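Letter by letter, the sequence shown follows residues 27 to 40, 43 to 240 in the authors' numbering. Ideal placement from N, C-alpha and C gives every residue a C-beta, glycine not left out.
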Amino acid sequence: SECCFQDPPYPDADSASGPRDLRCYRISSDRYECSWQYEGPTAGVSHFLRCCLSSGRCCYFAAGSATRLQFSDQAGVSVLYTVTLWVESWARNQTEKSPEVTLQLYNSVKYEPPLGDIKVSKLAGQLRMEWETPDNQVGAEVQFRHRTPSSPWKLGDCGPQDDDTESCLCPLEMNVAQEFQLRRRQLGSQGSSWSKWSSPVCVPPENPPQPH
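Here it is in structure tokens:
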């Protein structure tokens, strides 16, 4: 993969569908990976990873239908200094853009949600979740989302974390089933993107409605 420092072969975007959740990180001594998702039907859609250097020079990788792409530090993209990255999709005769991500790629780590046991218990009128920190990922911003069978996802903040274990306080609803998920973001100044959501924490109702 070489980043092509030319005008992209399509017009600029002028849509409800499109690419989103761009995550870029280093994966080895000299290789990097960007990952994203696409909202909407994927038929005939292709993706381009865009990059602008601080000098204003910009380039693109053509990814085809893939939603993930790897490149080395010889691809023309600076990794030691800050760059700006985003995804453009050619879909149904129109260009669509993701939000940008501004980061120093060399210090950007692939952060992951809790992967394994998530302990859940009651603390006063809240739920407390606790998990062991993913290896070599100490230091994180952590968010949760929660829902009930009827309600949609509502997002929340767990606060910053700095230890071998991490925790979160969440709303407790005794009379309905609850589902929670957790995601983690790298701390620091180099730039960060949210990890994927963890597997669910499922908390059945302790006082479900009863006949009288």
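Member of the options whose CA lies at the smallest distance from the CA of residue i
i: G184; options: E194, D190 and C198; result: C198
i: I146; options: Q102, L108, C196 and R54; result: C196
i: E207; options: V148, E194 and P188; result: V148
i: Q189; options: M157, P232, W118 and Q98; result: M157
i: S223; options: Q209, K150 and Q98; result: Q209
i: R120; options: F31, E169, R212 and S74; result: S74
i: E28; options: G153, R175 and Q98; result: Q98
i: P162; options: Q132, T112, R213 and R173; result: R213
i: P233; options: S227, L200, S226 and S56; result: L200
i: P177; options: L131, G104, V231 and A90; result: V231
i: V129; options: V137, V107, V111 and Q171; result: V111
i: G72; options: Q122, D58 and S56; result: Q122
i: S226; options: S43, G144 and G219; result: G144
i: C80; options: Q102, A39, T95 and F31; result: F31
Test: residue i CB closer than 9 Å to a CB of chain D
i: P239; result: The chain labelled as chain D is not found in the depicted structure, where only one protein chain is given.
Terminal residues of the beta strand (DSSP E) in which residue i lies
i: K138; result: No beta strand (DSSP E) contains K138, which DSSP labels as neither H nor E.
i: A103; result: Unbroken run through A103: none, as it is neither H nor E.
i: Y66; result: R59 to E67
i: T110; result: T110 to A119
i: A44; result: That residue, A44, is in no beta strand (DSSP E); it is neither H nor E in DSSP.
i: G92; result: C86 to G92
i: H240; result: Unbroken run through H240: none, as it is neither H nor E.
i: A168; result: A168 to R175
i: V148; result: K147 to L151
i: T130; result: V129 to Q132
i: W181; result: It is not in any beta strand (DSSP E) - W181 carries neither H nor E in the DSSP assignment.
i: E28; result: Counting along the chain, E28 falls outside any beta strand (DSSP E), and DSSP gives it neither H nor E.
i: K125; result: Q122 to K125
Cβ-based neighbour list, residue i, same chain, cut-off 8 Å, excluding 5 preceding and 5 following
i: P34; result: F76, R78, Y88 and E116
i: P236; result: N203 and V204
i: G153; result: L200
i: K182; result: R173, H174 and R175
i: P37; result: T123
Beta-carbon proximity list for residue i, same chain, < 6 Å, skipping 5 on both sides
i: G167; result: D190 and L215
i: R96; result: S63
i: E160; result: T193
i: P142; result: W159, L210 and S226
Residues near residue i in its chain [Cβ-Cβ closer than 7 Å; skip 5 each side]
i: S45; result: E67, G68, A119 and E124
i: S126; result: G46, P47, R48, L50, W64, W114 and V115
i: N135; result: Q218
Identified DSSP bridge partners for residue i
i: residue 277; result: This structure does not reach residue 277, given that the chain is present from 27 up to 240, and the question cannot be answered.
i: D192; result: In DSSP, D192 forms no bridge with anything.
i: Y53; result: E61
i: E160; result: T193
Residue i: CB within 8 Å of a non-hydrogen atom of the ligand MG
i: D191; result: The model on display carries no ligand, and the ligand MG is accordingly not part of it.
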